[PDB]
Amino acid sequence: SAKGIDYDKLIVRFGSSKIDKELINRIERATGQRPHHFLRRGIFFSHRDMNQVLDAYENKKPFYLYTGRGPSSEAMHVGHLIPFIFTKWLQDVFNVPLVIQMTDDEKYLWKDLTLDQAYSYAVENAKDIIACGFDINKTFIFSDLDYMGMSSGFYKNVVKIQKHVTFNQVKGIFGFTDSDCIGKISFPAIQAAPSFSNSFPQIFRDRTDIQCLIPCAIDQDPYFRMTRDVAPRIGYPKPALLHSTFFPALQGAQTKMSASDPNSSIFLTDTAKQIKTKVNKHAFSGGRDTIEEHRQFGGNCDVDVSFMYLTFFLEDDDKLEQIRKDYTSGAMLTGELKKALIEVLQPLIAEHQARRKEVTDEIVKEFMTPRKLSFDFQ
């Protein structure tokens, strides 16, 4: 479907629960802040135990944030930023510590990479993540390869989890086969491990009762569905989830943007010209065949990739609505909608590149150094 995938159905067959006006109102109530547009516009549409997190936050109880990034390469696209942009907002609004897993071991196992390459992509991607604005005093960005060997609790949990997840379970959840290397088969435990606070003793005082909130693209849910199942089996609380939709590929919402097909992506390193070019020449249009027909029948926002992008990056709700109405009425031609998006993306990407340029190795190193964060858990 050109309308993108059916998320309402995805929620159902996934067992998650939808983020309704009720939950969005509570989030605004508890925080006293207007909810981020990702929630208002349905971009972050699903969740698991978000009310629990809210209860905890409601009663001054602690909780922490956790997301990850598979460093497949030094090239990242705007799609990759969505969950991070949101996680950064969550960190500022709730003012909690954040844990960001860089699965360099995952990509070593799955791709034709060297340990050093994989590790090197984590460090490089971390600069982009730091460019999103995370507070150096409230966030630990770690590489699985490095951290496994310098944590008195990370591996211990990986093992616990490994004892409670069978090969059948992962064949059924992730689709592994008898031909997959043992590394792949047991990897899910690595990604599940950061859901438990005692995986990070340096930041949590050996405590294991701290609520964990995991914001992520819906495609990561199977790992945490599995995590939540074992949490009780090993005496730990279930991590909560906040699911986001996929950022659409240029060719159409039928697919999500993917570094695999570079033609469907707008990279964080693309020049202003390349951005303009990819949008004009490749962004699927919900507009009409001829401009005459466009003026007459108007465009279809529900399948127009450029409009969808504005939904993610145009913050002003009024300007977005105006644009929706004028495109739907024909008052605006896809060429203008296109130009409107381009004027939003170019600065968004240029600014990001400017931020990235500021994060030095000394800075990346501190972010990645296991340490006590400016929080007290006693």
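Note that residue numbering begins at 1 and tracks the sequence as displayed. By rigid core we mean the largest C-alpha set that fits within 1.5 Å across both forms.
For the pair 129 to 137 and 292 to 300, greater average C-alpha departure from the shown form in 5 other deposited structures of this protein after core alignment is found in 292 to 300. In 5 other deposited structures of this protein, superposed by the rigid core, the C-alpha atoms of 257 to 265 lie farther from the shown form than the other of 257 to 265 and 241 to 249. Relative to one another, 2 to 10 and 367 to 375 have unequal mean CA B-factors, and 2 to 10 is the one with the higher figure. Comparing 178 to 186 with 122 to 130, the higher mean C-alpha B-factor in the PDB entry belongs to 178 to 186.
Set against one another, the Cα B-factors of 104, 74, 304, 209 in the record reach their highest point at 209. The entry assigns its greatest Cα B factor, within the set 81, 192, 231, 216, to 231.
When the modelled residues of the chain are ordered by C-alpha B-factor, residue 262 sits in the highest third.
When the modelled residues of the chain are ordered by C-alpha B-factor, residue 204 sits in the highest third. For residue 143, the recorded CA B-factor ranks within the lowest third of the chain. Only modelled residues enter the ranking.
Per-chain ranking of the deposited C-alpha B factor places residue 88 in the lowest third.
In the deposited entry, the Cα temperature factor of residue 329 sits in the bottom third of values across the chain's modelled residues.
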